[PDB]
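Undergrad: Protein chains in written order, with the authors' numbering: chain c, 3 to 19, 29 to 51, 64 to 98, 107 to 123, 130 to 195; chain d, 17 to 75; chain b, 11 to 75; chain a, 7 to 105, 113 to 129; chain F, 304 to 347, 362 to 363. Would you mind keeping the following structure in view while I ask a few things?
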């Protein structure tokens, strides 16, 4: 029932390994903010508005995937008006781009040379992952090499 | 109805996963049921956003 | 202020000029729609896309005429 | 404005019908204008002025071809707009006769000699 | 490929399918020059 549906919302979004009084106190805040609101254009169009903002930043087939999935999702409309508010807030290969040597019915458009320099940034991203990792190994120990006895260690606290 | 509501839940899982929402399968089904009751979505948007800040200060 | 109201004056003049340019080349769009097209052209936009839309929305009322 | 809803404003401008009365034309427009919204061409209000002259000469009104030349002077006299190319190229795109060939006439660069 | 076309355009007894064949080898030199233009712009690389 509905007095449990906010509490189960409270449990799943709380991880684990006080925090045993906090669940029961946070369902109180869940009801206390339910009735702050209650005292005081279709649904699919907002999804079309976010897919447009995908298309401006590139990634066309992804926006086409969003819309082919919401055309069958018309068969829930009160869920999407909530979904669009949590689509901006987050947590706190293919070979057919530049290949014509496959198929038999394969396009002729010749060269590109307008994002083939951004086909080398495709490799710059991969090397920039594996160089940011070696930057996150040298700092987590350089914070250790300069330290003092028992300032972060509670073993001196015994 | 039941096969069609299974299919519409699956499609609803996919479009919230590529949009990279912090929610999961279970909390999607909870929120879907809460909106299926007739509860105002504008109020649920507050409790999810304030929970997802307030639960981290505990850990 | 006053100098911030004079900017809007230099926009209201500029739009009158754009309306004159619109009429001596003869579009079927009026001032109200044209202002929305001016909003679009402020962000920077290609008319190879826009003209098809205008000649389509004028073609979407021949069956509702 | 925000560019996503600004299209719907145009769609509700031409036909006054609601955005719940039709959703396919509106979807067709989010299909067409997105991935053709940011320019991939090099801008020139110069070249477009030199064909706006060629359009109004083709209608054989030479004084109005000199009237546009004054209106274009006014446009620079204010200086309240950044992209003066786009709207004139737009109004040129929607040209119509109130009363051939074009590939041998000047068009801009499609960024096949410049890439970032 | 350019040296061949340099003399065929002085030639006339090469039909008019040959002068359609070799005429559809002008675009194919052009696109090379387009590639080289893109490379020249980005030179100021390795």
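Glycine included, C-beta positions come from ideal geometry on N, C-alpha and C.
Between the segment 8-24 of chain a and the segment 39-51 of chain b, do at least 3 Cβ pairs fall closer than 8 Å?
TA: In short, these stretches touch, since the Cβ pair count reaches three.
Undergrad: By the 10 Å Cβ neighbour count, where 16 or more other Cβ atoms means buried, how is residue 54 (chain d) classified, buried or exposed?
TA: By the 16-neighbour rule on beta-carbons within 10 angstroms, residue 54 (chain d) is exposed.
Undergrad: Go through its chain and collect everything with a Cβ distance to residue 121 (chain a)'s Cβ below 7 Å, but skip five positions before and after it.
TA: Counting only Cβ-Cβ distances below 7 Å, and skipping sequence neighbours, we find 47, 48, 50 and 53.
Undergrad: Distance check for residue 33 (chain a) and residue 44 (chain c), CA to CA, integer angstroms please.
TA: 37 Å
Undergrad: Counting pairs of beta carbons, one from the segment 73-80 of chain a and one from the segment 20-33 of chain a, are three or more of them closer than 8 Å?
TA: Verdict: no, contact absent.
Undergrad: Scan the segment 163-177 of chain c for residues whose Cβ lies nearer than 7 Å to a Cβ of chain d and list them as they occur along the chain.
TA: none
Undergrad: Chain F beta carbons: is any one of them nearer than 8 Å to that of residue 126 (chain a)?
TA: yes
Undergrad: Are the beta-carbon atoms belonging to residue 127 (chain a) and residue 344 (chain F) less than 8 Å from one another?
TA: In contact: residue 127 (chain a) and residue 344 (chain F) (Cβ atoms closer than 8 Å).
Undergrad: One question on the structure: do residue 111 (chain c) and residue 64 (chain d) come within less than 8 Å of each other, judged by their Cβ atoms?
TA: no
Undergrad: Is DSSP giving residue 309 (chain F) helix, strand or coil here?
TA: helix
Undergrad: Let me see if you follow: with CB-CB separation under 8 Å, is residue 159 (chain c) close to chain a or not?
TA: no
Undergrad: Are at least three pairs of beta-carbons, each pair with one atom in the segment 95-104 of chain a and one in the segment 18-36 of chain b, less than 8 Å apart?
TA: By the Cβ test, the segment 95-104 of chain a is in contact with the segment 18-36 of chain b, since at least three Cβ pairs between them sit closer than 8 Å.
Undergrad: Within the same chain, show all residues whose beta-carbon is closer than 8 Å to that of residue 109 (chain c), passing over the 5 residues directly before and after it, in chain order.
TA: 66
Undergrad: Given this structure, state the Cα-to-Cα distance separating residue 95 (chain c) from residue 74 (chain b), to the nearest angstrom.
TA: Distance between the alpha carbons of residue 95 (chain c) and residue 74 (chain b) is about 28 Å.
Undergrad: Give a yes or no on whether 8 Å exceeds the smallest Cβ distance from residue 148 (chain c) to chain F.
TA: yes
Undergrad: Contact defined as beta carbons within less than 8 Å: I believe residue 338 (chain F) pairs with residue 150 (chain c). What is the distance between those atoms, to the nearest angstrom?
TA: Rounded to the nearest angstrom, the Cβ distance from residue 338 (chain F) to residue 150 (chain c) is 6 Å, consistent with a contact under 8 Å.
Undergrad: Applying a beta-carbon distance threshold of less than 7 Å, which residues of chain c neighbour residue 62 (chain d)?
TA: 44 and 48
Undergrad: Cβ of residue 19 (chain a) less than 8 Å from any chain b Cβ?
TA: yes
Undergrad: Do you know how far the Cα of residue 70 (chain a) is from the Cα of residue 24 (chain a)?
TA: The straight-line gap from Cα to Cα measures roughly 39 Å.
Undergrad: Taking 8 Å as the CB-CB limit, is residue 40 (chain a) close to chain c?
TA: For residue 40 (chain a), the answer is yes, since a Cβ of chain c falls inside 8 Å of its Cβ.
Undergrad: Per DSSP, what kind of secondary structure is residue 343 (chain F) in: helix, strand or coil?
TA: helix
Undergrad: Interface residues of chain a around residue 333 (chain F) at Cβ under 9 Å?
TA: Per Cβ cutoff of 9 Å: no residues; residue 333 (chain F) is ~10 Å from chain a at best.
Undergrad: Report the rounded CA-to-CA distance for residue 307 (chain F) versus residue 86 (chain c), giving the unit in angstroms.
TA: Cα atoms of residue 307 (chain F) and residue 86 (chain c): separation of roughly 49 Å, rounded to the nearest angstrom.
Undergrad: Kindly indicate the opening and closing residues of the alpha helix (DSSP H) around residue 76 (chain c).
TA: 67-79
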